[PDB]
């Protein structure tokens, strides 16, 4: 029933990666043929879905593992440049229905900053979406995290442009996959491993002072915050009453609740649970929660029929459904933006 909703964890893939798309679909889809069509389509099926389910505007991003799977830095950068130019062309068909996040190679802080800057300045992209750590090293088994001082130039570029960064999950690989996941492979993806990666990375940013050096940085997590709201009391307790007396305060000057009020956002992607939503409204606040789908790994129908029919007060339905994203992404006037 609500119109003009905003979704922003919505993936596409390049048509030339059909084999990679189908392998990934064998993990995370029960209808490979529809998945292939839907994840490559931009302007037809995706708009029909949005028109049926009251989604006015979507910010598109590249599927996982995406560029973060590419440990050759020259190929990785070329892939990201290609994706960004491709999606910028595709969204011109429906500029009042589609924005895009920058796709980035994250091997090098300045290289990523430049390409994000290009995407925002040349194309009006809305921010960056990155699938956790960048694969690096001779066989891809090394991981590049962004929660350190080398990445200050990148985070400062995010705050200068005043665009958010969405920390999306990706599958475990190499040594980590072999050691922890191969003997329980059905837990890979949404059931467990996705949250473990994103929460590690974002809390790393918390405790390594990224939001102290970059107080205006906005960071977005999908799936209602990858377990983090559940432990808000536990993390805050073990920060303020424990680790902050043992040295953590050297690199982390605010409480975990402060960072959720000032820096961190969560979305409803892949977590269509009113009971959890209500719990998240208490632990993080309706102001910091955004509607999102996780299409085409989730369907518009599951996400939107859930949200439209959830028992929820009118104030927060509007805020979560569009008005929070409207203020954060400086969005004026898209289809049904004030309906």
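Numbering follows the first chain given and starts at 1.
Peer 1: Check the entry's C-alpha temperature factors for 141-149 and 199-207, then say which stretch has the higher mean.
Peer 2: It is 141-149.
Peer 1: Quick check on the record: does 76-84 or 219-227 carry the larger mean Cα temperature factor?
Peer 2: Comparing 219-227 with 76-84, the higher mean C-alpha B-factor belongs to 76-84.
Peer 1: Take the CA temperature factors straight from the PDB entry and tell me which of 125, 166, 194, 260 peaks.
Peer 2: By C-alpha B-factor in the record, 125 ranks first.
Peer 1: Give the position of residue 62 by CA B-factor within its chain, expressed as the lowest, middle or highest third.
Peer 2: Middle third, going by the recorded CA B-factors of the chain.
Peer 1: Against its chain's modelled residues, does residue 303's Cα B factor rank lowest, middle or highest third?
Peer 2: Lowest third.
Peer 1: Per the entry's values, where does residue 328 land by CA temperature factor relative to the rest of its chain, in the lowest, middle or highest third?
Peer 2: It falls in the top third of the chain.
Peer 1: According to the PDB entry, is the CA B factor of residue 157 in the bottom, middle or top third of its chain, that is, lowest, middle or highest?
Peer 2: Its C-alpha B-factor belongs to the highest third of this chain's values.
Peer 1: Could you look up the Cα B-factor of residue 184 in the entry and say which third of the chain it sits in: lowest, middle or highest?
Peer 2: It falls in the middle third of the chain.
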